[PDB]
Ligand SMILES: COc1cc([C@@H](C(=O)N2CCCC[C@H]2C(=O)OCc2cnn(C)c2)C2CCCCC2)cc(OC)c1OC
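The chain that follows stands alone, in the form solved without the named molecule, written as structure tokens.
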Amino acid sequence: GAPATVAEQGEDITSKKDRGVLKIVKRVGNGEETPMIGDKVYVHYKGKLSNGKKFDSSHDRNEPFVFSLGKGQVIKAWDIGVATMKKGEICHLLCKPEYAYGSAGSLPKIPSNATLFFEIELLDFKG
């Protein structure tokens, strides 16, 4: 639910504390278990524009999005967000354009200066 709640109540998980990435845990992850930079991460996810319209989802293909954590292969908010996640955890990220696609956007999906809302589930990670 509610991007306005992530805004009001979320945790600022940026080192800068500029509120560019804000998080709320929706399901508590298992172990106190998290990837490190370089680990292979498998996520399921949904991306909404702040008009609620969904621009991209791993549930459309039914295919986990896989990547190397911490290597800039994804937007900054994901390298950041996912590094704070435990295995099995679902969270909600409100992300400022600064940590997403800036004032360039990623057309045609994402217009310029867009605040993005993600639901990311960390399914698994490997070394």
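A residue's number is simply how far along the shown sequence it sits, counting from 1.
A second form of this protein, the form solved in complex with the named molecule, is not displayed here; the remarks below concern that form.
Judged against the named molecule in the bound PDB entry with a 4.5 angstroms heavy atom cut-off, the residues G47, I75 and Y101 are in contact without exception. Under a 4.5 angstroms non-hydrogen atom cutoff, the named molecule in the bound PDB entry has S106 among its neighbouring residues. Residue contact check for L116: one or more of its heavy atoms lie within 4.5 Å of the named molecule in the bound PDB entry. The named molecule in the bound PDB entry comes within 4.5 Å of a heavy atom belonging to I110. In the bound PDB entry, no heavy atom of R27 sits within 4.5 Å of the named molecule.
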